Amino acid sequence: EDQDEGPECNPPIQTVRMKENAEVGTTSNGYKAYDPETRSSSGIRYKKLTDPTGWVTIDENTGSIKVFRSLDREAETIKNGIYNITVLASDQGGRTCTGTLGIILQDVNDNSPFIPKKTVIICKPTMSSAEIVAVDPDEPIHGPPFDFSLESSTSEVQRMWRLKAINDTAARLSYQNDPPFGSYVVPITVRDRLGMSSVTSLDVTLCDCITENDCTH
């Protein structure tokens, strides 16, 4: 009669693939410890060891991966779309085996655009405008074209400015109604190609210049 002997946990290293928009608690196919006698490892329970992100948890019964807190592909903890977590199996004979679970992460468009440069000069004696350019940190299929506007701003601020588009990534902000030399705030709204939305408040000095770039000192 059969008795429950030791696990042959090969391969060392395993992989799964996941997608960024994954709901909290969702479960999918997972890491295994192996048990050749029974050709199945049905007593054998699972925990996680070290994790860079804290996004997933491992379903103890089955060794399945499940979401715990929501993902990002735009984070610095990914490289070439991949991260890894370390895994342990626990046996009621007083035994263990160990391994790695890699997690390949498909981007979806979820991040909005941001502004690299929010501080801008308008040299009034030769210029009416300054350019406003953005970036979006999803894939290049998942960002531009951007749709800019003065949407979020006030009816007083809208009476001093006009905004117009100039590229897939850019627009140009212009003064109206002879405003005086000085410094000013402008809220922009920007959406990306699927309508992901960002708010951002610009710094706009309108001044007198030599270089036509920065203000006379």
# chains A, B, ... in the order shown; residues from 1 in each chain; ligands from 1

call {"tool": "residues_around", "arguments": {"residues": "residue 175 of chain A", "least_positions_apart": "2", "cutoff": "10 Å", "atoms": "only C-alpha atoms", "output": "ChimeraX atom specification"}}
result
/A:122,124,127-130,158-163,173,177-179,206

call {"tool": "write_last_selection", "arguments": {"atoms": "N, CA, C and O atoms", "output": "PDB file, in the first residue's frame"}}
result
ATOM      1  N   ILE A 122       7.061  83.316 -22.893  1.00  0.00           N
ATOM      2  CA  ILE A 122       6.424  83.991 -24.012  1.00  0.00           C
ATOM      3  C   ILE A 122       7.053  85.378 -24.146  1.00  0.00           C
ATOM      4  O   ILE A 122       6.822  86.236 -23.293  1.00  0.00           O
ATOM      5  N   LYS A 124       6.920  88.652 -25.336  1.00  0.00           N
ATOM      6  CA  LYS A 124       5.893  89.457 -25.958  1.00  0.00           C
ATOM      7  C   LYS A 124       6.333  90.321 -27.129  1.00  0.00           C
ATOM      8  O   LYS A 124       5.395  90.567 -27.899  1.00  0.00           O
ATOM      9  N   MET A 127       6.923  87.264 -30.073  1.00  0.00           N
ATOM     10  CA  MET A 127       6.167  86.035 -30.016  1.00  0.00           C
ATOM     11  C   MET A 127       4.775  86.234 -29.429  1.00  0.00           C
ATOM     12  O   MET A 127       4.535  87.176 -28.666  1.00  0.00           O
ATOM     13  N   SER A 128       3.811  85.387 -29.781  1.00  0.00           N
ATOM     14  CA  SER A 128       2.471  85.423 -29.233  1.00  0.00           C
ATOM     15  C   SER A 128       2.230  84.159 -28.419  1.00  0.00           C
ATOM     16  O   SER A 128       1.275  84.126 -27.641  1.00  0.00           O
ATOM     17  N   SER A 129       3.099  83.152 -28.520  1.00  0.00           N
ATOM     18  CA  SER A 129       2.869  81.803 -28.048  1.00  0.00           C
ATOM     19  C   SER A 129       4.122  81.144 -27.489  1.00  0.00           C
ATOM     20  O   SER A 129       5.240  81.615 -27.681  1.00  0.00           O
ATOM     21  N   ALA A 130       3.899  79.936 -26.947  1.00  0.00           N
ATOM     22  CA  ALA A 130       4.894  78.955 -26.601  1.00  0.00           C
ATOM     23  C   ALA A 130       4.338  77.569 -26.885  1.00  0.00           C
ATOM     24  O   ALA A 130       3.134  77.345 -26.845  1.00  0.00           O
ATOM     25  N   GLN A 158      -9.540  81.546 -19.453  1.00  0.00           N
ATOM     26  CA  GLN A 158      -9.930  81.480 -20.846  1.00  0.00           C
ATOM     27  C   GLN A 158     -10.097  82.817 -21.539  1.00  0.00           C
ATOM     28  O   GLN A 158     -10.145  82.924 -22.764  1.00  0.00           O
ATOM     29  N   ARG A 159     -10.280  83.922 -20.798  1.00  0.00           N
ATOM     30  CA  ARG A 159     -10.308  85.230 -21.435  1.00  0.00           C
ATOM     31  C   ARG A 159      -8.965  85.897 -21.660  1.00  0.00           C
ATOM     32  O   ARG A 159      -8.866  87.081 -21.950  1.00  0.00           O
ATOM     33  N   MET A 160      -7.839  85.228 -21.397  1.00  0.00           N
ATOM     34  CA  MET A 160      -6.490  85.738 -21.576  1.00  0.00           C
ATOM     35  C   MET A 160      -5.650  84.905 -22.528  1.00  0.00           C
ATOM     36  O   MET A 160      -4.622  85.399 -22.985  1.00  0.00           O
ATOM     37  N   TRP A 161      -6.047  83.661 -22.765  1.00  0.00           N
ATOM     38  CA  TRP A 161      -5.338  82.678 -23.558  1.00  0.00           C
ATOM     39  C   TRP A 161      -6.168  82.109 -24.696  1.00  0.00           C
ATOM     40  O   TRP A 161      -7.404  82.140 -24.742  1.00  0.00           O
ATOM     41  N   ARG A 162      -5.532  81.530 -25.718  1.00  0.00           N
ATOM     42  CA  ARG A 162      -6.122  80.672 -26.728  1.00  0.00           C
ATOM     43  C   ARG A 162      -5.243  79.457 -26.947  1.00  0.00           C
ATOM     44  O   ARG A 162      -4.011  79.543 -26.978  1.00  0.00           O
ATOM     45  N   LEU A 163      -5.729  78.229 -27.181  1.00  0.00           N
ATOM     46  CA  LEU A 163      -4.857  77.084 -27.374  1.00  0.00           C
ATOM     47  C   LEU A 163      -5.242  76.373 -28.671  1.00  0.00           C
ATOM     48  O   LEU A 163      -6.426  76.235 -28.951  1.00  0.00           O
ATOM     49  N   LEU A 173       0.214  77.459 -27.148  1.00  0.00           N
ATOM     50  CA  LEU A 173      -0.582  78.256 -26.234  1.00  0.00           C
ATOM     51  C   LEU A 173      -0.234  79.713 -26.524  1.00  0.00           C
ATOM     52  O   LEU A 173       0.939  80.079 -26.471  1.00  0.00           O
ATOM     53  N   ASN A 177      -5.717  89.650 -25.810  1.00  0.00           N
ATOM     54  CA  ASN A 177      -6.168  90.870 -25.155  1.00  0.00           C
ATOM     55  C   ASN A 177      -5.188  91.685 -24.323  1.00  0.00           C
ATOM     56  O   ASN A 177      -5.428  92.054 -23.173  1.00  0.00           O
ATOM     57  N   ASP A 178      -3.999  91.843 -24.903  1.00  0.00           N
ATOM     58  CA  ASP A 178      -2.910  92.690 -24.468  1.00  0.00           C
ATOM     59  C   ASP A 178      -2.557  92.582 -23.002  1.00  0.00           C
ATOM     60  O   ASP A 178      -2.469  93.636 -22.375  1.00  0.00           O
ATOM     61  N   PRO A 179      -2.411  91.385 -22.431  1.00  0.00           N
ATOM     62  CA  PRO A 179      -2.082  91.213 -21.030  1.00  0.00           C
ATOM     63  C   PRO A 179      -0.710  91.789 -20.712  1.00  0.00           C
ATOM     64  O   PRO A 179       0.132  91.953 -21.583  1.00  0.00           O
ATOM     65  N   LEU A 206       5.221  85.980 -19.352  1.00  0.00           N
ATOM     66  CA  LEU A 206       5.113  86.791 -20.547  1.00  0.00           C
ATOM     67  C   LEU A 206       6.036  87.999 -20.449  1.00  0.00           C
ATOM     68  O   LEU A 206       5.628  89.036 -19.921  1.00  0.00           O
TER      69      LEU A 206
END

call {"tool": "residues_around", "arguments": {"residues": "residue 73 of chain A", "least_positions_apart": "2", "cutoff": "12 Å", "atoms": "only C-alpha atoms", "output": "compact mmCIF listing (two decimals) with N, CA and C atoms, in the first residue's frame"}}
result
# COMPACT_ATOMS: atom_id res chain seq x y z
N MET A 18 0.37 37.42 -18.20
CA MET A 18 -0.66 38.28 -17.65
C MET A 18 -0.89 39.59 -18.39
N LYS A 19 -2.01 40.28 -18.22
CA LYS A 19 -2.28 41.57 -18.83
C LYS A 19 -2.66 42.71 -17.90
N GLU A 20 -2.20 43.94 -18.16
CA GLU A 20 -2.19 44.98 -17.16
C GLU A 20 -3.50 45.36 -16.47
N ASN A 21 -4.64 45.23 -17.14
CA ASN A 21 -5.93 45.70 -16.69
C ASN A 21 -6.59 44.70 -15.75
N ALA A 22 -5.87 43.67 -15.30
CA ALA A 22 -6.37 42.53 -14.57
C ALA A 22 -7.05 43.00 -13.29
N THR A 53 6.97 43.85 -6.54
CA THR A 53 5.85 44.69 -6.85
C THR A 53 4.68 44.54 -5.88
N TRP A 55 2.01 42.87 -6.55
CA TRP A 55 0.84 42.76 -7.39
C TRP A 55 0.12 41.42 -7.30
N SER A 70 -3.59 45.96 -7.96
CA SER A 70 -3.43 46.18 -9.39
C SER A 70 -2.10 46.59 -10.01
N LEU A 71 -1.85 46.13 -11.24
CA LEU A 71 -0.58 46.02 -11.91
C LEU A 71 -0.12 47.36 -12.47
N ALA A 75 5.83 50.90 -14.85
CA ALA A 75 6.71 50.91 -13.70
C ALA A 75 8.11 50.44 -14.09
N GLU A 76 9.04 50.87 -13.24
CA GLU A 76 10.47 50.64 -13.36
C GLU A 76 10.91 49.26 -12.92
N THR A 77 9.98 48.48 -12.36
CA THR A 77 10.17 47.13 -11.87
C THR A 77 10.02 46.07 -12.94
N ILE A 78 9.67 46.46 -14.16
CA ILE A 78 9.57 45.62 -15.33
C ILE A 78 10.84 45.81 -16.14
N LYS A 79 11.34 44.76 -16.80
CA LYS A 79 12.28 45.00 -17.87
C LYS A 79 11.99 44.00 -18.98
N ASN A 80 12.01 44.62 -20.17
CA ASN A 80 11.54 44.02 -21.40
C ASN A 80 10.18 43.33 -21.29
N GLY A 81 9.33 44.06 -20.57
CA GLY A 81 8.00 43.55 -20.26
C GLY A 81 7.88 42.40 -19.27
N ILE A 82 8.87 42.03 -18.46
CA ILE A 82 9.00 40.85 -17.62
C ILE A 82 9.38 41.24 -16.19
N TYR A 83 8.76 40.61 -15.19
CA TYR A 83 9.40 40.51 -13.89
C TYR A 83 9.33 39.08 -13.39
N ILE A 103 6.78 36.45 -14.90
CA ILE A 103 5.52 37.04 -15.26
C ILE A 103 5.65 38.11 -16.34
N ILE A 104 5.35 37.68 -17.56
CA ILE A 104 5.29 38.46 -18.79
C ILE A 104 4.00 39.25 -18.88
N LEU A 105 4.07 40.57 -19.10
CA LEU A 105 3.03 41.52 -18.77
C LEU A 105 2.73 42.31 -20.03
N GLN A 106 1.57 42.01 -20.62
CA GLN A 106 1.08 42.82 -21.71
C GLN A 106 0.52 44.17 -21.28
N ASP A 107 1.08 45.15 -22.00
CA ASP A 107 0.60 46.52 -21.88
C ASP A 107 -0.81 46.60 -22.43
N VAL A 108 -1.70 47.36 -21.80
CA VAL A 108 -2.82 48.02 -22.45
C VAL A 108 -2.68 49.51 -22.19
N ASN A 109 -3.30 50.26 -23.10
CA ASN A 109 -3.35 51.69 -22.85
C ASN A 109 -4.14 51.99 -21.58
N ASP A 110 -3.50 52.57 -20.55
CA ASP A 110 -4.17 52.97 -19.32
C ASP A 110 -3.64 54.28 -18.77
N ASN A 111 -2.34 54.54 -18.97
CA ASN A 111 -1.73 55.80 -18.59
C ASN A 111 -2.16 56.87 -19.59
N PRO A 137 3.40 57.17 -21.32
CA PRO A 137 4.44 56.22 -20.96
C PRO A 137 4.04 54.78 -21.25
N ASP A 138 2.85 54.44 -21.77
CA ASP A 138 2.48 53.19 -22.40
C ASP A 138 3.27 52.99 -23.70
N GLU A 139 2.97 51.87 -24.35
CA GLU A 139 3.59 51.56 -25.62
C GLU A 139 3.34 52.66 -26.64
N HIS A 142 -0.12 53.02 -27.87
CA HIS A 142 -0.97 53.28 -26.73
C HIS A 142 -0.90 54.71 -26.21

call {"tool": "residues_around", "arguments": {"residues": "residue 34 of chain A", "least_positions_apart": "2", "cutoff": "7 Å", "atoms": "only C-alpha atoms", "output": "JSON list (two decimals) with C-alpha atoms, in the first residue's frame"}}
result
[["chain", "number", "residue", "atom", "x", "y", "z"],
["A", 7, "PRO", "CA", 8.55, 15.60, -4.52],
["A", 8, "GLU", "CA", 10.63, 15.82, -7.70],
["A", 9, "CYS", "CA", 10.27, 19.55, -8.39],
["A", 10, "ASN", "CA", 11.61, 20.04, -11.97],
["A", 32, "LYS", "CA", 3.71, 23.57, -9.72],
["A", 36, "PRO", "CA", 5.94, 11.46, -9.84],
["A", 40, "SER", "CA", 0.02, 14.72, -9.33],
["A", 41, "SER", "CA", 0.96, 16.85, -6.30]]

call {"tool": "residues_around", "arguments": {"residues": "residue 210 of chain A", "least_positions_apart": "2", "cutoff": "12 Å", "atoms": "only C-alpha atoms", "output": "list in words"}}
result
residues 123, 124, 125, 126, 207, 208, 212, 213, 214, 215, 216 and 217 of chain A

call {"tool": "residues_around", "arguments": {"residues": "residue 45 of chain A", "least_positions_apart": "2", "cutoff": "7 Å", "atoms": "only C-alpha atoms", "output": "PyMOL selection string"}}
result
chain A and resi 43+60-61+89-91

call {"tool": "atom_distance", "arguments": {"atom1": "atom CA of residue 15 of chain A", "atom2": "atom CA of residue 29 of chain A"}}
result
9.9 Å

call {"tool": "closest_residue", "arguments": {"among": "A:5, A:115, A:42, A:135", "to": "residue 188 of chain A", "atoms": "only C-alpha atoms"}}
result
A:115

call {"tool": "residues_around", "arguments": {"residues": "residue 64 of chain A", "least_positions_apart": "4", "cutoff": "6 Å", "atoms": "only C-alpha atoms", "output": "compact mmCIF listing (two decimals) with N, CA, C and O atoms, in the first residue's frame"}}
result
# COMPACT_ATOMS: atom_id res chain seq x y z
N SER A 28 -5.37 32.73 -12.44
CA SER A 28 -4.99 32.00 -13.64
C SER A 28 -3.86 31.00 -13.42
O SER A 28 -3.22 30.96 -12.38
N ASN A 29 -3.63 30.11 -14.40
CA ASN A 29 -2.75 28.96 -14.32
C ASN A 29 -1.37 29.37 -13.84
O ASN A 29 -0.91 30.50 -14.01
N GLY A 30 -0.68 28.42 -13.20
CA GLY A 30 0.27 28.74 -12.16
C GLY A 30 1.50 27.86 -11.93
O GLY A 30 1.84 27.07 -12.82
N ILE A 58 -0.27 33.82 -4.61
CA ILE A 58 -0.26 32.45 -5.08
C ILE A 58 -1.25 31.66 -4.23
O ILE A 58 -1.11 31.51 -3.01
N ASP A 59 -2.27 31.13 -4.90
CA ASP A 59 -3.38 30.36 -4.36
C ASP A 59 -2.84 29.04 -3.82
O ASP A 59 -2.29 28.22 -4.53

call {"tool": "residues_around", "arguments": {"residues": "residue 169 of chain A", "least_positions_apart": "5", "cutoff": "8 Å", "atoms": "only C-alpha atoms", "output": "PDB file with N, CA, C and O atoms, in the first residue's frame"}}
result
ATOM      1  N   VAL A 133       4.221  70.354 -25.236  1.00  0.00           N
ATOM      2  CA  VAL A 133       4.511  69.057 -25.798  1.00  0.00           C
ATOM      3  C   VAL A 133       4.433  68.057 -24.646  1.00  0.00           C
ATOM      4  O   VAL A 133       4.613  68.384 -23.480  1.00  0.00           O
ATOM      5  N   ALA A 134       4.015  66.846 -25.023  1.00  0.00           N
ATOM      6  CA  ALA A 134       3.740  65.859 -23.992  1.00  0.00           C
ATOM      7  C   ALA A 134       4.390  64.545 -24.385  1.00  0.00           C
ATOM      8  O   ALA A 134       4.786  64.311 -25.518  1.00  0.00           O
ATOM      9  N   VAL A 135       4.268  63.589 -23.467  1.00  0.00           N
ATOM     10  CA  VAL A 135       4.662  62.202 -23.646  1.00  0.00           C
ATOM     11  C   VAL A 135       3.673  61.326 -22.888  1.00  0.00           C
ATOM     12  O   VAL A 135       3.136  61.646 -21.835  1.00  0.00           O
ATOM     13  N   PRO A 144       0.111  58.829 -28.119  1.00  0.00           N
ATOM     14  CA  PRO A 144      -0.271  59.732 -29.199  1.00  0.00           C
ATOM     15  C   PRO A 144      -1.095  59.068 -30.295  1.00  0.00           C
ATOM     16  O   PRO A 144      -0.913  57.908 -30.621  1.00  0.00           O
ATOM     17  N   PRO A 145      -2.080  59.758 -30.894  1.00  0.00           N
ATOM     18  CA  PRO A 145      -2.222  61.191 -30.921  1.00  0.00           C
ATOM     19  C   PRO A 145      -2.782  61.788 -29.641  1.00  0.00           C
ATOM     20  O   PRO A 145      -3.708  61.121 -29.184  1.00  0.00           O
ATOM     21  N   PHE A 146      -2.425  62.967 -29.138  1.00  0.00           N
ATOM     22  CA  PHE A 146      -3.044  63.614 -27.998  1.00  0.00           C
ATOM     23  C   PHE A 146      -4.017  64.691 -28.450  1.00  0.00           C
ATOM     24  O   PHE A 146      -3.731  65.427 -29.394  1.00  0.00           O
TER      25      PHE A 146
END

call {"tool": "closest_residue", "arguments": {"among": "A:4, A:136, A:131, A:192", "to": "residue 165 of chain A", "atoms": "only C-alpha atoms"}}
result
A:131

call {"tool": "closest_residue", "arguments": {"among": "A:203, A:198, A:193, A:172", "to": "residue 151 of chain A", "atoms": "only C-alpha atoms"}}
result
A:198

call {"tool": "atom_distance", "arguments": {"atom1": "atom CA of residue 94 of chain A", "atom2": "atom CA of residue 47 of chain A"}}
result
15.2 Å
